[PDB]
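First, one chain by itself: the form deposited in one PDB entry, in structure tokens.
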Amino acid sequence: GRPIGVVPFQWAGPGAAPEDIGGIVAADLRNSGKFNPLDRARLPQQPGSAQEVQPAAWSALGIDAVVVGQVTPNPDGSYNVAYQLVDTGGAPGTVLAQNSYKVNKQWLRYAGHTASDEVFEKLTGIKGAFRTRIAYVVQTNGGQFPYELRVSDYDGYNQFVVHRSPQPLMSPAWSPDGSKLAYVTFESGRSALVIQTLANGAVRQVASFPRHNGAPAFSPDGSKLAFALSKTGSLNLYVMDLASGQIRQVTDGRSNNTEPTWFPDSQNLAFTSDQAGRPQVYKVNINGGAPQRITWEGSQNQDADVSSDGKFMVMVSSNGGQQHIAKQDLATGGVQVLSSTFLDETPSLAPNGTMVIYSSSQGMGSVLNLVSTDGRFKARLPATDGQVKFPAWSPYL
């Protein structure tokens, strides 16, 4: 990872800042796998601005850039979060980027992810995804409504419940605009696919044919929804035109075809099929043509997620007898196992393709994990009151 210094932000008010901003920026950069922040334990100093920054102390220590900041109170009850990125190495002392934000204590972490998104894109030329969110299902220890569809920042904080249920909920999927979630609920007794508007809580009932309805995915252009129905005896792909409520069948047969994911063209799909025996990933244009297998490595591959630029995909894969999240380059065919935990499942990619969120078993339970797509960084998300599954990473917001 690219060395970088991130200094704890300056605090000027009721002793003890409400949020460690520097800590959030360091975690974000580290989380992407693109940077290696100096441990707070080795910082050669704790400067407060684009002046107290002495390059040789850093510019020397293999760090050609430091982040400094200041968190100051407002009479309005809000706060002012400001950061400055100093260019040691090359032109020591220079300020490469800086900014300041007025936010409520509720949005302190958001201001922290805004700084990191700015610093990340200025230094890497890749748009940051630190202000994104994730959706997931938590089975708590409450008895009436054990299942809860929740949403939080990609890093697990600031979570909120979208919906509580007495019956199982699964496979949330974000609309491309980030305003709605599609998911499967068994509340009515049988499987049902619904779309819920986050702001409103309004729920649109989409499909509840006989049998199982599940694994939804919105096309990137917003005009269609793909999913799998097993009303034919086995799962097959259907796509619904959201502007006309129209539904078309895409695959047919005795084989199971499910877990669709869209290529950037909103016309092609990668999906899981047990056609060849053990699950493998195939691709098909929904307008026509025969599906083509695309995973030839590994004994088994499934539940793919194609990146936003279509350069690669991540999936659940079996290599050397073990199942982990792996990624496959869609141009070269190169494959690389990214995770190393137990029973890795349902991987979802950040909108900039730099991180993947997935679940793994934990004792009798389940938790979420993040692994950078270059494979460098691995971390468990914050624990919550319950076992967690089916994470879905939101598009840019």
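Heads up: residue numbers just count along the shown sequence, starting at 1.
In what follows, reference is made to the form deposited with a partner chain bound, a form of this protein that is not presented.
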>> For a quick test of understanding: in the deposited complex, does each of 235, 272 and 302 have a heavy atom within 4.5 Å of its partner chain?
In response: yes
> Just to confirm, residue 184 within 4.5 Å of its partner chain in the deposited complex by heavy atoms?
Replying inline: yes
>> residue 142 versus its partner chain, in the deposited complex: is there a non-hydrogen atom within 4.5 Å?
In response: no
>> Is residue 373 part of the interface with its partner chain in the deposited complex - any heavy atom within 4.5 Å?
In response: no
>> My question is simply whether residue 151 lines the interface with its partner chain in the deposited complex - judged by any non-hydrogen atom within 4.5 Å.
In response: no
> Which residue, 256, 165, 132, 196, has a heavy atom that falls within 4.5 Å of its partner chain in the deposited complex?
Replying inline: 256
> Quick one: of 59, 346, 31, 339, which gets a non-hydrogen atom within 4.5 angstroms of its partner chain in the deposited complex?
Replying inline: 346
> Pick from 109-117, 74-82, 256-264, 242-250: which stretch has a heavy atom within 4.5 Å of its partner chain in the deposited complex?
Replying inline: 256-264
